[PDB]
Amino acid sequence: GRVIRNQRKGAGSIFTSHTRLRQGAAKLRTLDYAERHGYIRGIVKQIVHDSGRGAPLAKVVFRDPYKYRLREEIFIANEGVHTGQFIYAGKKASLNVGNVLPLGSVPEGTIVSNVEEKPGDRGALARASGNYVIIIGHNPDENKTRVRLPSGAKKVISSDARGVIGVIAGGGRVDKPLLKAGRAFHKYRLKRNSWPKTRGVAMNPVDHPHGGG
Amino acid sequence: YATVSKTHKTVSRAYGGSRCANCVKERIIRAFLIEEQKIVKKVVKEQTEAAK
Amino acid sequence: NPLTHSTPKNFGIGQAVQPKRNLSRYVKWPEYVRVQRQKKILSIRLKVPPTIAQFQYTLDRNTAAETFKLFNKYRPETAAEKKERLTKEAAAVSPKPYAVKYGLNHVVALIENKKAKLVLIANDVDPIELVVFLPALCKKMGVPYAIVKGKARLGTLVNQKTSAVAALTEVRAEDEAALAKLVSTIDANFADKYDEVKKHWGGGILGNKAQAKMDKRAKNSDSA
Amino acid sequence: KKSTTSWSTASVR
Amino acid sequence: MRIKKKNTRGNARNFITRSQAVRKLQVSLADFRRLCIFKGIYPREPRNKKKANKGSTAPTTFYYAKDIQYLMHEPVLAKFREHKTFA
RNA sequence: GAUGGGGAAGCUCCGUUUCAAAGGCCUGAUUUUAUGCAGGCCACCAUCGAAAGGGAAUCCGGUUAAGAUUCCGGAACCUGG
RNA sequence: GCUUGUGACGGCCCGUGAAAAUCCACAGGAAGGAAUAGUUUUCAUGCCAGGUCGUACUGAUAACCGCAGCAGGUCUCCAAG
RNA sequence: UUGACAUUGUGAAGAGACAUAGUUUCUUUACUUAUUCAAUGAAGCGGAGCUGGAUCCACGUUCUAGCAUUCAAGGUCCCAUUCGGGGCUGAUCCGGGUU
Ligand SMILES: [Mg+2]
Ligand SMILES: [Mg+2]
Ligand SMILES: [Mg+2]
Ligand SMILES: [Mg+2]
Ligand SMILES: [Mg+2]
Ligand SMILES: [Mg+2]
Ligand SMILES: [Mg+2]
Ligand SMILES: [Mg+2]
Ligand SMILES: [Mg+2]
Ligand SMILES: [Mg+2]
């Protein structure tokens with residue numbers, strides 16, 4: 001039969017992401033000596049909207065430890081973080097909202113976001129708006145940390161993996177009805193070509209396993 | 001801007017051009033007060049170490 | 001001096017820009033440098049079979065110095081003085097020459113025919129199979145031999161860049177006693193001293209961090 | 001006088 | 001014609017510093033100084049030192065670029081290379 | 001869309017800064033060993049892709065069978081030296 | 001009043017609505033620079049130069065496509081009572 | 001998707017086979033050196049300090065939208081004092097592994 005859209009999407013082409021207006025990839029700092037041993041201070045310069053993303057982003061400026069210059073990082077803003085705020089990242093950073101800490105430095109019941117799946121990948125878990133990870137417990141002998149994920153899954157991560165204290169901002173977004181095809185249209189114009197969706201039953205037998213009748 | 005004299009592009013003050021008068025005033029005030037507070041913190045910590 | 005002040009710099013985390021430091025340990029070397037260093041490291045780390053590993057036991061400094069002093073008296077005839085000999089022989093129309101024998105095929109033939117008084121074998125020959133059979137051959141034929149450090153040193157001996165082997169076959173009467181004394185010295189210092197340990201495997205060496213890990217774990221097991 | 005190769009001197013101080 | 005780039009013509013092209021001249025001749029400092037003494041190459045002063053040196057006031061030795069270009073063709077330089085190979 | 005690399009029997013294909021020794025600059029009478037270059041600094045990628053996107057600077061009057069913010073007369077401006 | 005430009009504002013988004021070349025400013029202070037003489041080409045005036053290719057005309061019930069001088073098709077500016 | 005063979009190495013302990021001298025076979029548990037994954041500005045890894053304070057830590061950084069760059073000032077030996085230039089430190093040492 002004819003190749004279906006589910007198979008046609010993998011070739012790329014007209015299904016690639018629409019990334020013209022995106023602010024940049026939202027990552028933590030590269031895990032360096034300062035964050036491995038002490039802490040480094042940055043300043044929140046602006047909080048911006050990123051096209052195609054529910055969560056707002058924060059632009060945080062740090063000083064380069066090896067060269068006289070500034071370095072700008074793009075974080076996902078946690079709720080309560082404001083412009084002009086001092087953010088502290090590292091092993092020795094305090095337990096305050098917006099700070100970047102290793103999981104082994106936080107107690108049980110701590111709520112984190114943008115959690116690293118492995119130490120150094122610069123954030124993989126709980127990045128969408130309103131989502132967070134809970135620290136279940138520690139296994140200090142294995143240098144491991146048990147966490148609970150937004151899906152309900154329990155995971156074991158290295159205790160050197162980092163996370164941002166607090167919950168991703170922008171929560172409650174999906175509770176408002178769109179009401180309109182046009183609003184769904186503008187939602188997907190900034191993300192990718194997956195809308196509108198034609199039902200497989202609605203098709204001829206050649207186009208889909210479900211077609212015909 | 002390359003066709004005009006320096007008078008048209010600056011004002012006679014520190015950061016004249018780049019920064020406005022109130023922002024310049026704020027960074028002057030903050031620089032002074034923070035350096036004084038750093039002296040205070042070093043004094044307090046030295047007293048704390050001397051007694052401890 | 002009233003005009004000078006002390007302004008010590010804080011180079012802690014979150015402070016002044018770090019000063020320049022020696023980063024020789026972290027240099028991203030070129031690929032050929034990395035290959036040659038890792039190849040030497042691998043030759044150390046792997047377990048080395050005895051026929052290869054015997055080439056780590058060479059003549060000592062003093063014995064090598066005396067040996068090369070002996071061989072430099074029999075450095076072969078050069079290309080500049082060969083032409084002088086030929087013109088003199090055309091006028092006559094020359095005694096028997098004394099020289100160091102060199103060349104792998106030639107020296108192997110001399111060992112097999114037992115014409116070699118003393119054989120020097122370079123340790124750093126690549127491919128190593130060119131010389132890896134030579135010590136057993138010399139032992140089987142009853143020829144004194146010594147493994148020496150430097151094919152380039154042997155090349156200086158025989159007017160070349162490198163030389164895998166060198167051999168003394170015939171010596172002058174002024175040096176027969178020196179040759180015999182050197183053969184006795186080599187027998188006492190090289191062949192007898194390293195006779196057992198040449199039958200051992202080599203290369204049982206761990207890296208620095210792996211050794212530290214093993215030492216820490218053994219200490220932790222032995223004491224708590 | 002005129003050049004034949006790509007590197008020339010032609011000797012004029 | 002498009003807009004030309006500054007610091008490329010006039011004093012900037014007319015004068016060459018000692019570091020640039022040594023680099024262009026691909027010799028050492030000692031060889032370069034001896035070649036200048038042999039040929040009568042002498043240091044020079046731009047009327048506009050900042051224009052000649054990209055706005056710096058730092059003390060610099062300048063030469064005529066055409067003088068250095070003519071110095072490139074001196075056979076004593078090739079003799080110097082021959083002596084280095086011999087050594 | 002080349003190079004460095006890696007696929008492919010091959011026509012060629014991947015990929016776009018990597019997986020490369022990918023190049024510029026400053027100082028020197030380097031405590032002299034006598035005619036051989038020493039001490040340092042800084043760093044990321046070819047190229048093409050818009051006569052509606054970005055962009056240095058010009059106007060009036062006159063003039064031809066047919067040219068014109070381009071020629072003529074007058075009056076300006078930009079850029080580089 | 002019509003058209004157009006612009007300002008200060010307001011409404012709207014689970015939509016918040018390009019990049020780069022290029023130009024300037026600031027911070028810094030390597031340095032350089034006067035007493036019988038210096039400095040300043042970001043003030044004025046004065047000197048020299050600006051290459052290559054396009055440029056006619058139609059743009060449509062006859063200058064384009066539709067086998068045509070074809071009632072079809074084909075992007076846009078100005079616009080009086 | 002599942003099995004075999006090859007890529008494929010090094011130990012230790014426990015069960016055998018030469019009839020109670022060490023050449024091999026199998027389970028357990030290790031190791032790294034091949035292979036695999038990821039990152040970086042291959043920058044601070046690993047070990048130790050007759051280093052210090054209390055097995056652990058650098059007591060060099062947390063009211064504030066400031067500032068942090070010219071081989072680093074200071075200290076101490078020299079030079080041949082002349083406009084400055086060297087060395088030790090400031091900033092512990094060692095490694096045959098960039099993480
Ligand atoms: Mg149908
Ligand atoms: Mg291609
Ligand atoms: Mg182009
Ligand atoms: Mg345009
Ligand atoms: Mg006309
Ligand atoms: Mg004219
Ligand atoms: Mg026309
Ligand atoms: Mg027309
Ligand atoms: Mg036609
Ligand atoms: Mg046709």
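Lettering of chains follows the sequences in order, A, B, ..., and the numbering in each one begins at 1. Both backbone and side-chain heavy atoms feed into the values below; hydrogens, waters and symmetry mates do not.
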NA contact type, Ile34(B), heavy-atom cut-off 4.0 Å: base, sugar-phosphate, or nothing?
base
Closest nucleotide among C23(G), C26(F), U64(H) to the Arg23(E) side chain:
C26(F)
Answer with base, sugar-phosphate or nothing: what part of the nucleic acid does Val60(A) contact at a heavy-atom distance below 4.0 Å?
nothing
OP1 or OP2 of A21(F) less than 4.0 angstrom from a side-chain nitrogen or oxygen of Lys28(C), does that happen here?
no
Aromatic rings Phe86(E) and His83(E): how do their planes relate, parallel, tilted or perpendicular, breaks at 30° and 60°?
tilted
Does any non-hydrogen side-chain atom of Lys155(A) lie less than 4.5 Å from one of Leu125(A)?
yes
Please enumerate all protein N or O atoms sitting under 3.5 Å from an N or O of nucleotides 76-80 of chain F, with distances to 0.1 Å.
from   : atom 1 : to      : atom 2 : distance (Å)
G80(F) : OP1    : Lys6(E) : NZ     : 3.4

So, is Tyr68(A) close to the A68(H) phosphate, meaning a side-chain N or O under 4.0 Å from OP1 or OP2?
yes
Regarding the side chain of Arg173(A), the nearest nucleotide among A42(H), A91(H), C14(G) is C14(G)
Indicate, yes or no, whether a donor-acceptor pair under 3.5 Å links the base of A43(H) to the side chain of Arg21(C).
yes
Parallel, tilted or perpendicular, as decided by the 30° and 60° cut-offs, for the rings of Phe38(E) and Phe80(E):
tilted
With a cut-off of less than 4.0 Å, is there a side-chain N or O of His83(E) near OP1 or OP2 of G36(F)?
yes
Is the centre of the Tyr66(A) ring less than 6.0 Å from the centre of the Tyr33(A) ring?
no
Could you check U69(F) and say if its sugar is north or south from the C1'-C2'-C3'-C4' sign?
south
Among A43(H), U42(G), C67(H), which nucleotide sits nearest the side chain of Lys6(B)?
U42(G)
For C37(F), take OP1 and OP2 only and decide whether either is under 4.0 Å from a side-chain N or O of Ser28(E).
yes
Would you say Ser19(E) reaches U27(F)'s phosphate, i.e. side-chain N/O to OP1/OP2 under 4.0 Å?
yes
Pair test for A19(H) and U10(H): Watson-Crick or G-U wobble, both under 3.5 Å:
no
In whole angstrom, give the distance that lies between atom CG of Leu31(A) and atom P of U99(H).
14 Å
Is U33(F) syn or is it anti, if syn means the base angle is within 90 degrees of 0?
syn
At under 4.0 Å between heavy atoms, what does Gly17(B) touch on the DNA or RNA strands: base, sugar-phosphate, or nothing?
sugar-phosphate
Using OP1 and OP2 only, check whether a side-chain N or O of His49(A) sits under 4.0 Å from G15(G).
yes
Can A21(H) be described as syn, meaning its chi torsion is within 90° of 0, or is it anti?
syn
Using only side-chain N and O atoms of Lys50(E), determine if any of them is under 4.0 Å from OP1 or OP2 of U41(G).
yes
Could you check which of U42(G), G32(G), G15(G) has an atom nearest any side-chain atom of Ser5(B)?
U42(G)
Answer yes if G23(F) and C42(F) form a Watson-Crick or G-U wobble pair with both distances under 3.5 Å, and no otherwise.
yes
Just to be sure I understand the rule, does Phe86(E) reach a base, reach only the sugar-phosphate, or reach nothing, if contact means heavy atoms closer than 4.0 Å?
nothing
Given the rule that positive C1'-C2'-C3'-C4' is north and negative is south, which one is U61(H)?
north
The nucleotide from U62(H), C19(F), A29(F) with an atom nearest the side chain of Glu31(C) is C19(F)
Please list, pair by pair, any protein nitrogen or oxygen found under 3.5 Å from a nitrogen or oxygen in nucleotides 45-48 of chain H.
from   : atom 1 : to        : atom 2 : distance (Å)
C45(H) : OP1    : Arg36(A)  : NH2    : 2.6
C45(H) : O2'    : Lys209(C) : NZ     : 3.1
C45(H) : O2     : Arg25(C)  : NH2    : 3.0

Going by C1'-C2'-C3'-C4', which side is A20(G) on: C3'-endo/north or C2'-endo/south?
north
For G60(H), does either OP1 or OP2 sit under 4.0 Å from a side-chain N or O belonging to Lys45(B)?
no
Can you find a donor-acceptor N/O pair under 3.5 angstrom joining the side chain of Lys9(B) to the base of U42(G)?
yes
Quick one: look at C1'-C2'-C3'-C4' in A34(F) and give me north (positive) or south (negative).
south
Using the closest heavy atom to pick a nucleotide of RNA chain F for each, name whichever of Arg69(A) or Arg34(C) lands nearer the 5' end.
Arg34(C)
From the options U10(H), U16(G), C23(G), select the nucleotide whose nearest atom is closest to the side chain of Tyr1(B).
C23(G)
Using a 4.0 Å heavy-atom cut-off across all strands, classify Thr57(E) as base, sugar-phosphate, or nothing.
base
Pairs counted only when both distances fall under 3.5 Å, Watson-Crick or G-U: show me the 5' to 3' dot-bracket for RNA chain G, [ ] for pseudoknotted crossings and | for other-strand partners.
............(...).............................||||.............((......))........
Have a look at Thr48(B) and say if it touches a base, only the backbone sugar-phosphate, or nothing, with a 4.0 Å heavy-atom cut-off.
nothing
Just checking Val174(A): base, sugar-phosphate only, or nothing, at a heavy-atom cut-off of under 4.0 Å?
base
Would you call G62(F) and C71(F) a Watson-Crick or G-U wobble pair if both distances must be under 3.5 Å?
yes
Checking all strands, does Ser94(A) fall into the base, sugar-phosphate, or nothing category for heavy-atom contacts under 4.0 angstrom?
base
If we require ring centres under 5.5 Å and near-parallel planes under 30°, does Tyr88(A) stack on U62(H)?
yes
Categorize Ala224(C) for me: base, sugar-phosphate, or nothing, with a 4.0 angstrom heavy-atom threshold over every strand shown.
sugar-phosphate
May I ask you to classify the sugar pucker of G15(G) as north or south from its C1'-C2'-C3'-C4' sign?
south
Is there a donor on the side chain of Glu26(B) or the base of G66(H) sitting less than 3.5 Å from an acceptor on the other?
no
With the side chain defined as heavy atoms from C-beta on, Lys91(A) is closest, among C31(H), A30(G), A58(H), to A58(H)
So, is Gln85(A) close to the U64(H) phosphate, meaning a side-chain N or O under 4.0 Å from OP1 or OP2?
no
Which nucleotide in the list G66(H), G41(H), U62(H) gets nearest to the side chain of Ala31(B)?
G66(H)
Hey, are the side chains of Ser94(A) and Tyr88(A) touching, using non-hydrogen atoms and a 4.5 Å cut-off?
no
Determine whether a donor-acceptor pair (one donor, one acceptor, N or O, separation below 3.5 Å) exists between the side chain of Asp64(A) and the base of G41(H).
yes
Closest to side chain of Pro59(E), choosing from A25(G), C67(H), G32(G)
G32(G)
Side chain of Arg30(B), heavy atoms from C-beta onward: which of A31(G), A43(H), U64(H) has the nearest atom to it?
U64(H)
Under 3.5 Å for both distances: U33(H) and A73(H) as a Watson-Crick or G-U pair:
no
Does OP1 or OP2 of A43(F) have a side-chain N or O of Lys67(A) closer than 4.0 Å?
yes
Determine the contact category for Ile205(C): base if any of its heavy atoms lies under 4.0 Å from a base atom, sugar-phosphate if only primed atoms, P, OP1 or OP2 are that close, otherwise nothing.
nothing
At less than 3.5 Å, do the side-chain atoms of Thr83(A) and the base atoms of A65(H) form a donor-acceptor pair?
yes
Base, sugar-phosphate, or nothing for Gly38(A), non-hydrogen atoms under 4.0 angstrom?
base
